[PDB]
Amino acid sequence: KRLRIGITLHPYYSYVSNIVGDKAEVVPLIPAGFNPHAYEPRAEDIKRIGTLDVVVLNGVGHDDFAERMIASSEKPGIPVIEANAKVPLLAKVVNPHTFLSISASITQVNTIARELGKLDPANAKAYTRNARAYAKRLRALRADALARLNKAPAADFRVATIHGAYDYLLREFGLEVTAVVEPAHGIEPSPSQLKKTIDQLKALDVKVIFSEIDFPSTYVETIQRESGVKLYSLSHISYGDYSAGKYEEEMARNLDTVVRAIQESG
């Protein structure tokens, strides 16, 4: 009767909780504290799918584990909400970190609310109303961060990141990522690859590097020393407890750090 909705990543817990409020139950597929990049399906977690009515998926490359878990469960035909159905992607591998964008988060929130409404019509109007209030808060969060930005960065403001998570985030400043240290999503560089990346940061005069707060890497100190590139850190919104407010709290901090990096470039 009261929908039981599965989620895969922390941002989706925040989206669904804000959409449904107390009208439905939000169930994480994997426990808090586990790195979703390294998570391997456990029997205990696959069992949980059998008690759900629907699973919300990133479905564009950040939760492949969830499709495998569903296939191995008691409900392989469980309804699935493809959150990114209406989201413009980039770019050669499609970047799956659409949740680290205010505009793409609003699109995903609206898609989730519409789809949950079709599954639970008695609550369709409430889900729509809640999604619109949540989208208003996300726009305000972005406006508040931009209220601290004086100028756009100079033409020479090149940016690098350790994890390939921030292309959508930086796109909201009209900025691009020159280089990503990890050769592929969540893959540590070899010593030869890291040396080549350091050489590239120097050759292209990269100004800043955004590292990971969530599951940090031990070679970042070497990059800073060897390249002279200013270091800032961002959240993939993937560490610790699930909470309705996690997404907005950590995105506000992400946007403030990007603004600070630009402010400190001049």
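The first residue of the shown sequence is 1; numbering continues from there.
Visitor: Looking at the deposited sequence, how many residues between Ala122 and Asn123 were given no coordinates in the entry: none, 1 to 3, 4 to 9, or 10 or more?
Guide: Gap between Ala122 and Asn123: none.
Visitor: I need to verify one thing: averaged over C-alpha atoms only, is the B-factor higher for 150-158 or for 82-90?
Guide: Averaging CA B-factors over each stretch, the winner is 82-90.
Visitor: When the Cα temperature factors in the entry are averaged, is it 28-36 or 234-242 that ends up higher?
Guide: The stretch with the larger average C-alpha B-factor is 28-36.
Visitor: Determine which member of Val206, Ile213, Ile49, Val56 has the highest CA B-factor, using the values in the deposited entry.
Guide: Across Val206, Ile213, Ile49, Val56, the entry lists the biggest C-alpha B-factor for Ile49.
Visitor: Lowest, middle or highest third of the chain for the C-alpha temperature factor of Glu44?
Guide: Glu44: CA B-factor falls in the highest third of its chain.
Visitor: Mind checking which third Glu172 falls in for C-alpha B-factor across the chain?
Guide: Within its chain, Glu172 is a highest-third residue by C-alpha B-factor, going by the deposited values.
Visitor: Among the modelled residues of its chain, does the C-alpha B-factor of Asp256 lie in the lowest, middle or highest third?
Guide: For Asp256, whose C-alpha B-factor we compare with every modelled residue in the chain, the answer is the middle third.
Visitor: What third of its chain's C-alpha B-factors does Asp144 belong to: lowest, middle or highest?
Guide: Its C-alpha B-factor belongs to the middle third of this chain's values.
Visitor: Sort the modelled residues of this chain by their C-alpha B factor and say whether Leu194 lands in the lowest, middle or highest third.
Guide: Tercile = middle for this residue's CA B-factor.
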